[PDB]
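J.: This is the structure, below, for whatever I ask next.
FYI, it's all coordinate maths here, none of it is from the lab. When we count neighbours, we look across all protein chains shown, and the Cβ atoms used for this are built from the backbone with ideal geometry, even at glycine.
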Amino acid sequence: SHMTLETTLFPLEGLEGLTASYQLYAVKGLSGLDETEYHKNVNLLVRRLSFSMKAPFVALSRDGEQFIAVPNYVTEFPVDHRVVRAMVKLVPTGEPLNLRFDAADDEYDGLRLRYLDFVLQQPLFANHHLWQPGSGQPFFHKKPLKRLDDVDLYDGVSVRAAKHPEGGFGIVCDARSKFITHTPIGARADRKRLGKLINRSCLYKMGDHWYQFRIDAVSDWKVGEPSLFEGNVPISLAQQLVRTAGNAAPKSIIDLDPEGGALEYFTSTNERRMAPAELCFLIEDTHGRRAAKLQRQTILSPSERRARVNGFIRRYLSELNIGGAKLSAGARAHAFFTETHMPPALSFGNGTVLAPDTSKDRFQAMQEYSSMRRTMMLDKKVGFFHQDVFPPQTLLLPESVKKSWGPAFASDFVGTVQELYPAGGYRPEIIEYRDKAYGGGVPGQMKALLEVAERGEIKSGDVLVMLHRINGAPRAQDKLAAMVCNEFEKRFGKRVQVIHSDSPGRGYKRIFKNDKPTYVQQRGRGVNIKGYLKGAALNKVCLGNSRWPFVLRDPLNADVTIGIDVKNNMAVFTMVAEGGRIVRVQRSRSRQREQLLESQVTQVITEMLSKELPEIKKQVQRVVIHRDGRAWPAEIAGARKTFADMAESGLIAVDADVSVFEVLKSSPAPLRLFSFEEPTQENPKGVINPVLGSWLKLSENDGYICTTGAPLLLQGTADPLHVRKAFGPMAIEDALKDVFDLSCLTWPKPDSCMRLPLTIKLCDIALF
């Protein structure tokens, strides 16, 4: 009975008969709107309405955005809102909307949820042992869980609570972690130490009011010095933290050193405000500093993460009173039986097909399958699906590295390519650029790369360039990698791939051989250079030249899908047709930061398709889109317009049906799924990961797939992937099923489980 899987969905009781929703308004200042700016207006405004008037102000509508008030407001000031900036008139079309939490699935299921959500964390914000970093964030203890030299580990739980699959509403929970340094920033921290920190985030322990904020400006006054005025008499912020302090106000908040730093930041509603440096505690960004003995702490075995969540539910959310003081969370999670998805069968080269076996208990048969994807890809009887010779290549090397270990590395690297893709016959020209001549920063490195390209020294179409790493942290993003791709593709005719000098320059030493210096490999600490050469041959060369190793024999529900991602004013569109036999990626620049226009979406896709349409050997009649993040209604506009138009021409059946979906890799309402194993000694309550194809549908618009799961996880607990329906006619169970199939095309690392579907995974590697 392994199929029996428990969730972190706790049923909710006490809302049977709790209709509490009652009104409606309408927007009028939108006369100049952006199709993307208009939606930053509302949000800044519902916050001021929810946070000033401190009752539930909820706003989640279609087309022209609308707001729910309570009839209980004293004086709303409807036409008197942002008379400061734009003057929206809040037209009261208020029809009493009285929502019940058992109704059939309605469009104001969106509102029934943002209301439940505002009021269910009032008993959590008023607790005292519990602090919330910001609006709608997990709820963390004031007390840390581990001490952990220099820096405190705080545990917590995220509670969001959307629809239930056996009717009604319920609770969703995930544990969480957060790393904060032990000892406040301090009142003998000077001006230069304080600047060195603008735009980190700190935990500001105010009084009993603990929250999080990002630095903006080391202020112009110290803690004691008079800066703002309550009576025009400047008063010192020590004075201000007293005025706003409460009865038994703690010691720290009324005995600050006046000779200490003061920081600035902007409220959740965009107000300027200060905070003493004493009382501010910096959050370790442990992906910023590669603290991999600080990541070996955030990974939580399954039976823990269950026990942490169950413990939090029983201890904090039980007696729970807001007006209607009912609504007790039922403190036994949701469980179902379900059928888990088998892996798809796949097509390797010379028509040999891998299909999972259905005699072996699911487990032993999938480790078989997932290892086959590698052994088959390498085996020369079968091997790559697409076998053919490579068109001309070019490996482009820093001249500092052509003279030191270039040749050894290039020799091994070409060797590695031919033992992986023998049919290609790899043989790349070896060009160089003069990495020491001009500058050594991103400009200059670029001037040398461009100067070489100018000369026409790069014959051939496809290139692989080796570059240098300029700055640390993963949030930096290599502006140089991206920019070499941009210029090389756009001004010259090139499809470019990128590796970096640092990583192989670890795997080569100089030994002295036969009266000459010579470079040979090394395998000590550092990088595993045999594995690195293998993986970079596959990713940068075989995939870089669009030679797919294995491609999904049997068809998906969609006939075409399309990833989309915009981050840092760059948009990325992928496209997967046939079984994976047809794949494109295209890049184009986005006027909005992360948002994309609607004329641009309609165009990029009508041009990226129609190139490939003759190869698609069907009438094409079920298209899907996957969006990385929020799918803004600008985008969804052109999405149907694109395919409606192709429904006229004849490129499609006339009855096409497009569908938009949002893949939440950072899921707004997270969840875990477990299942069980006779409690062994080791494991008191016998909690393992759910088996790899496990899936769960809550609503018609929300479900989770295990793209990562039991047989092939290496350690930790599996993170179900939250997808959310956004438009269009496709069964969400079908969408989850072939998002799982698209996540079994594990191209960059075959024997491993990949969490994202191939569509949006390429969106993420394509912008590094």
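J.: Let me check I've understood the local charge: for residue 633, count other residues with C-beta under 9 angstrom from its C-beta, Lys and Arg +1, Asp and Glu -1. What total comes out?
T.: Counting the neighbours of residue 633, the net charge comes to -3.
J.: Over the chain, what relative contact order in percent results from Cα pairs under 8 Å that are six or more residues apart?
T.: Working: 1463 pairs, mean separation 91.5, N = 768.
Contact order relative to length: 12 percent.
J.: When the Kirkwood radius is taken over all Cα pairs of the range 684-768, what Stokes-Einstein diffusion coefficient follows at 25 °C and 0.890 mPa s, in µm²/s?
T.: 179
J.: Starting at 0 and stepping by 5 Å, how many percent of the alpha carbon pairs of the range 612-729 end up in each bin?
T.: Spelled out bin by bin, the range 612-729 gives 2, 10, 15, 15, 13, 12, 10, 8, 6, 3, 2, 1, 0, 0 percent.
J.: May I pose another question? Give me the distance between the Cα centres of the range 334-374 and the range 111-134, rounded to whole Å.
T.: What the calculation gives is 43 Å, centre to centre.
J.: Same structure again: Which angle from 0 to 90°, rounded to the nearest 10, does the C-alpha axis of helix 302-316 make with the longest principal axis of the chain?
T.: The angle comes out at about 10 degrees.
J.: For a label point 7 Å from the Cα of residue 208 along Cα→C-beta, name the residues of the range 245-284 whose backbone N is under 18 Å from it.
T.: Only 245-255 fall inside the zone, counting backbone N under 18 Å.
J.: Now, a different point. For the chain, with equal point scatterers placed on the C-alpha atoms only and solvent neglected, what are the log10 I(q)/I(0) values from the Debye formula at q = 0.06, 0.08 1/Å, to two decimals?
T.: -0.45, -0.82
J.: Step through the residues of the range 632-637 one at a time and calculate ³J(HN,Hα) from phi using the Karplus curve (6.51 cos²θ - 1.76 cosθ + 1.60, θ = phi - 60°), rounding each to whole Hz and writing x for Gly and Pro.
T.: Each residue's phi maps through the Karplus curve to give 6, x, 3, 4, 5, 4 Hz.
J.: I would also like to ask the following. Between helix 599-608 and the chain, what is the angle of the helix's C-alpha long axis to the longest principal axis, kept within 0 to 90° and rounded to the nearest 10?
T.: Roughly 20 degrees, rounded to the nearest 10.
J.: Continuing with the same structure: Using a Förster radius of 30 Å, what is the FRET efficiency between residue 613 and residue 353 based on their Cβ-Cβ separation? Nearest 0.05, please.
T.: It comes out at approximately 0.65.
J.: Still on this model: If you take the Cα Rg of the range 239-294 and divide it by 2.2 N^0.38 Å, with N the number of residues, what do you get?
T.: 1.52
J.: Which of the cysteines found in the chain have nothing to pair with, since no other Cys Cβ lies under 4.7 Å from theirs?
T.: 173, 485, 542, 706, 744, 753, 763
J.: Considering amide H positions built from the backbone, and no H for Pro or chain starts, which residues 5 or more places from residue 710, or on another chain, come under 5 Å of its amide H?
T.: When sequence neighbours closer than 5 places are left aside, the close amide H contacts are 691, 692.
J.: Using the alpha-carbon centroid of each, what span in Å lies between the range 467-543 and the range 552-615?
T.: 29
J.: A further question follows. Per the helix-only calculation at 222 nm, which mean residue ellipticity applies to the chain, given -39500 (n - 2.57) for every DSSP H run of n ≥ 4 and division by its residues, nearest 500 deg cm²/dmol?
T.: Calculated at 222 nm, the ellipticity per residue is -6500 deg cm²/dmol.
J.: Over 28 Å between Cα atoms, which of 436/479; 293/447; 513/749; 403/513 qualify?
T.: Numbers: 436/479 19 Å; 293/447 40 Å; 513/749 36 Å; 403/513 17 Å.
Result: 293/447; 513/749 exceed 28 Å.
J.: Here's a follow-up. Can you list residues from other chains, or at least 5 along the same chain, whose modelled amide H is less than 5 Å from the amide H of residue 597?
T.: 591, 592
J.: In addition: Distance between Cα centroids, the range 386-440 to the range 661-713: provide it in whole Å.
T.: 43
J.: While we're on this one: Report the extension gain between residue 336 and residue 388 in nm, rounded to one decimal, defined as 0.36 nm multiplied by the number of residues separating them, less their alpha carbon distance.
T.: 13.9 nm
J.: Taking the Cβ of residue 553 as the centre, find all other residues whose Cβ is under 12 Å away and add up their charges (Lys, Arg: +1; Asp, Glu: -1).
T.: That works out to -2.
J.: A further question follows. Using a Förster radius of 51 Å, what is the FRET efficiency between residue 403 and residue 293 based on their Cβ-Cβ separation? Nearest 0.05, please.
T.: Efficiency computed from Cβ-Cβ geometry: 0.85.
J.: Turning to a different aspect of this structure: Towards the positive end of the charge dipole of the range 490-635, with charges on Cβ (+1 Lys, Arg; -1 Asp, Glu), say which of 608, 537, 569 has the farthest Cα.
T.: 537
J.: Let me ask something additional. How much FRET efficiency would the formula 1/(1 + (r/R0)^6) give for residue 319 and residue 244, where r is the Cβ-Cβ distance and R0 is 22 Å, rounded to 0.05?
T.: 0.15
J.: With θ taken as phi - 60° and the coefficients 6.51, -1.76 and 1.60, list the Karplus ³J(HN,Hα) couplings across the range 389-397 in order, rounded to whole Hz; mark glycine and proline as x.
T.: Result, rounded to whole Hz: 6, 6, x, x, 10, 7, 9, 10, 10.
J.: Between rounded, prolate and oblate, where does the range 573-639 land on the alpha carbon gyration tensor, with a ≥ b ≥ c its root eigenvalues, rounded for a/c under 1.5, else prolate if a/b exceeds b/c?
T.: It is prolate, given that a/c is not under 1.5 and a/b is the larger ratio.
J.: Sequence gap at least 6, Cα distance under 8 Å: using those rules, report the relative contact order of the range 154-311 to the nearest whole percent.
T.: Working: 259 pairs, mean separation 41.9, N = 158.
Value for the range 154-311: 27 percent.
J.: If N is the number of residues in the range 1-145, what value comes out of its Cα radius of gyration divided by 2.2 N^0.38 Å?
T.: Computed over Cα atoms of the range 1-145, the ratio equals 1.24.
J.: Can you check what the net charge comes to around residue 699, using other residues whose Cβ is under 13 Å from the Cβ of residue 699 (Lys, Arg +1; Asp, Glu -1)?
T.: On the way: positive: 112, 163, 697, 724, 725; negative: 105, 106, 107, 109, 166, 700, 702, 733.
Result for the local shell: -3.
J.: A further question follows. Loop only per DSSP, at most 12 neighbouring Cβ atoms within 10 Å: give me the trypsin sites (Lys or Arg not before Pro) in the range 134-178, ordered by residue number.
T.: Answer in residue order: 147.
J.: Hey, what did the range 452-548 get for relative contact order, percent, Cα under 8 Å, at least 6 apart?
T.: 25
J.: Still on this structure: Could you work out how much longer the chain between residue 82 and residue 193 gets when fully extended? Use 0.36 nm per residue separation minus the Cα distance between them, nm to one decimal. Mind showing how you got there, number by number?
T.: Details: separation 111, 0.36 × 111 = 39.96 nm, distance 3.87 nm.
Gain on extension, residue 82 to residue 193, equals 36.1 nm.
J.: Right, next: Give the residue list of trypsin sites (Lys or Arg not before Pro) in the range 214-307 that are DSSP loop and have at most 16 other beta-carbon atoms within 10 angstrom.
T.: 251, 289, 290, 293, 296
J.: Still on this structure: At 7 Å along Cα-to-Cβ for each site, give me the label-to-label distance between residue 418 and residue 128 in nm.
T.: With each label placed 7 Å out from Cα toward Cβ, I get 7.6 nm.
J.: If you wrap a convex hull around the C-alpha atoms of the range 135-212 and split its volume per residue, what is the figure in Å³?
T.: Numbers: hull volume 10.0 nm³, N = 78.
Cα convex hull per residue, to the nearest whole number: 129 Å³.
J.: Only four residue types carry charge here, +1 at the Cβ of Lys and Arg and -1 at the Cβ of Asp and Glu. Report the dipole size of the chain about the Cα centre in Debye, rounded to the nearest 20.
T.: Computed charge dipole of the chain: roughly 2740 debye.
J.: Let me know the Rg and Dmax you get for the range 193-346 when you use only its Cα atoms, in Å.
T.: Calculated on Cα positions, Rg and Dmax stand at 22.9, 77 Å.
J.: I've got another one for you. Between residue 178 and residues 5 or more places away or on another chain, which pairs have amide H atoms under 5 Å apart, with H built 1.01 Å from N, and which residues are they?
T.: 154
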